[PDB]
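Participant: Take this structure first; my questions come after.
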Amino acid sequence: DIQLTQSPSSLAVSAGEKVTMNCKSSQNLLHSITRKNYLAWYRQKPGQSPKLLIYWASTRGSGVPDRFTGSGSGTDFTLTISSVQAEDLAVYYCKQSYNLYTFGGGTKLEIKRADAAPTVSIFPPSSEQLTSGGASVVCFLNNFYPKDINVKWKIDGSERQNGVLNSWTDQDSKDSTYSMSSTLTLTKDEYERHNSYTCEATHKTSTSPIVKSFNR
Amino acid sequence: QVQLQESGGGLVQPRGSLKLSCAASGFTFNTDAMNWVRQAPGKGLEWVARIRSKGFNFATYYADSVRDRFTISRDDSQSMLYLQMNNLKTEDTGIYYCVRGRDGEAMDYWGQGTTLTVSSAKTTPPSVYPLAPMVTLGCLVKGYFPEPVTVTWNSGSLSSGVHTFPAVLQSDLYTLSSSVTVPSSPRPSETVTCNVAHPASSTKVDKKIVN
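Protein chains in written order, with the entry's author numbering: chain L, 1 to 31, 31A to 31F, 32 to 210; chain H, 1 to 52, 52A to 52C, 53 to 130, 139 to 216.
Next comes the structure, spelled out in structure tokens:
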């Protein structure tokens, strides 16, 4: 069972830059007779099926542009993407065809862009939900960079760290920004016991936390 | 154009069995070898099975983890590829892609994929709550199972400005949200609707974000 290992596990480069990720094989993939290295490279965009980029270690697939270059022989291979665009964000997998199939762990490619402050939006529970015996206060922290952000839920003044479900989106292929959703879910009754709710966000793009509140 | 449509995914209980099917188009199915590759939730790809053409007497190959439990087959007459899964284990949860992959070359075309969930949990319809206050409206979709759900704004008319966050599995139930930033004018002036669909429970709800 030939196992391929890739590195780095992640990369972050700027538009226009050239990048190089690697793929190491536990067993030699170069077939002595045909002289071909049976190693391929594929990529998967967030929410899309994997696409073939290169086979036989360096032959591009039909339609794949010359910006993509595969290299190597034996057990050491490399993929070089030149002119990285905002559209190349995906995970890159190398796969071996020497004996059955085996993909590698993959390498994620993020795009380093300019810092971007989030746009906070707090939302009180809906009538429909309340009538259901529950209360979820949702907060949307959209379009920011970098991904590193801190979001606190404050009820009247005390910090609430239980009942919070957070979730980030993949980096946008459009503007290269992230977005996040934070949700506090208390009971319809506990919700009744408090007045002002706050979503507080701390991100390098500001000196003071960005606060968004609404009193019940 | 080559077209690969996989259907049949779904919620199955452990030790159960399921059968995926694939419809191929835009190429001579009878000549090529076909594969099945799966992607486990929060994982990379894993080759599952392969069946060669009649020219090589339908030779089939299976991964170690799936051997003797799965059965890949094909019907060149209907351009259909199948994957009979038996003695399902929770490990088999993931997306299954139908993949054309000629002998000696590489994996050419992959389908969209079909989700398969192996668990003893029960199908639970989602509860869509409209989140009402450039204005950001939103939509909360919580308490469903299994994955996935389908959110859209105004049946598709609204694509830019939308942000659908990945579902989170809280207390055996998924919760997901979607937000849409539209100009201050088209709302409440123009109608913005949260279209949500949950295949597993044949659900479709259109919640108009009113305020």
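Cβ coordinates follow ideal geometry from the N, Cα and C atoms, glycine included.
#1: Between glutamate 46 of chain H and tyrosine 49 of chain L, which are expected to be in contact by the criterion C-beta below 8 Å, what is the C-beta distance as a whole number of angstroms?
#2: Here's the rule I'm using: 16 or more other beta-carbon atoms within 10 Å means buried, otherwise exposed. How should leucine 33 of chain L be labelled?
#3: Using three-state DSSP, classify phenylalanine 53 of chain H as helix, strand or coil.
#4: Shorter than 8 Å from the beta carbon of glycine 143 of chain H to some beta carbon of chain L?
#5: Report all residues from its chain with a CB closer than 8 Å to the CB of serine 14 of chain L; omit the five preceding and five following residues, and keep chain order.
#6: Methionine 104 of chain H versus chain L: which residues are under 7 Å apart at the beta carbon?
#7: Can you find at least 3 beta carbon pairs, one from the region 94 to 108 of chain H and one from the region 177 to 185 of chain H, that sit closer than 8 Å?
#8: Output the boundary residues of the beta strand (DSSP E) element that contains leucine 18 of chain H.
#9: At which residues does the alpha helix (DSSP H) containing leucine 83 of chain L begin and terminate?
#10: Who are the near neighbours of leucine 159 of chain L in its chain, counting only those whose CB is closer than 8 Å to its CB and skipping five residues on each side?
#11: Would you say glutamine 123 of chain L reaches chain H, if we count a Cβ-Cβ gap shorter than 8 Å as a contact?
#12: Can you tell me where the beta strand (DSSP E) with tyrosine 32 of chain L in it begins and where it stops?
#13: Does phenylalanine 117 of chain L pass the burial test, meaning 16 or more other C-beta atoms within 10 Å, or should it be called exposed?
#14: Just to confirm before moving on: does the CB-CB distance between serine 173 of chain L and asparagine 137 of chain L stay below 8 Å?
#15: Have a look at H/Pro191, H/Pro127 and H/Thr120 and flag the residue whose alpha-carbon is nearest the alpha-carbon of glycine 143 of chain H.
#16: Please tell me whether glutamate 46 of chain H has its Cβ less than 8 Å away from any Cβ of chain L.
#17: Tell me, please, which residues DSSP counts as bridged to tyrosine 126 of chain H.
#18: Here's the rule I'm using: 16 or more other beta-carbon atoms within 10 Å means buried, otherwise exposed. How should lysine 198 of chain L be labelled?
#19: Considering just the uninterrupted stretch of the alpha helix (DSSP H) at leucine 45 of chain H, what are its terminal residues?
#20: Measure from the C-beta of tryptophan 36 of chain H to each C-beta in chain L and report whether the shortest distance is under 8 Å.
#21: When DSSP builds the beta bridges, which residues end up paired with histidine 168 of chain H?
#22: Along the alpha helix (DSSP H) that carries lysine 141 of chain L, what are the first and last residues, could you check?
#23: Should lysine 19 of chain H and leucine 80 of chain H be called a contact, given that it needs their Cβ atoms to be closer than 8 Å?
#24: Could you compute how far the alpha carbon of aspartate 150 of chain L sits from the alpha carbon of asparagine 189 of chain L?
Facilitator: Concretely, from the data shown:
#1: Going by Cβ atoms, the distance from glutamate 46 of chain H to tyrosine 49 of chain L rounds to 19 Å, so no, they are not a contact pair.
#2: buried
#3: helix
#4: yes
#5: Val78, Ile105, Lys106 and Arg107
#6: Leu46
#7: no
#8: 18 to 25
#9: Premise fails: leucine 83 of chain L is in no alpha helix (DSSP H) and is neither H nor E.
#10: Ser176, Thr177 and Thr179
#11: yes
#12: No beta strand (DSSP E) holds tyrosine 32 of chain L; DSSP gives it neither H nor E.
#13: buried
#14: yes
#15: H/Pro127
#16: yes
#17: H/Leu145
#18: exposed
#19: Note, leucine 45 of chain H: premise wrong, no alpha helix (DSSP H); beta strand (DSSP E) at 45 to 51.
#20: no
#21: H/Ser184
#22: Counting along the chain, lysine 141 of chain L falls outside any alpha helix (DSSP H), and DSSP gives it neither H nor E.
#23: yes
#24: 6 Å
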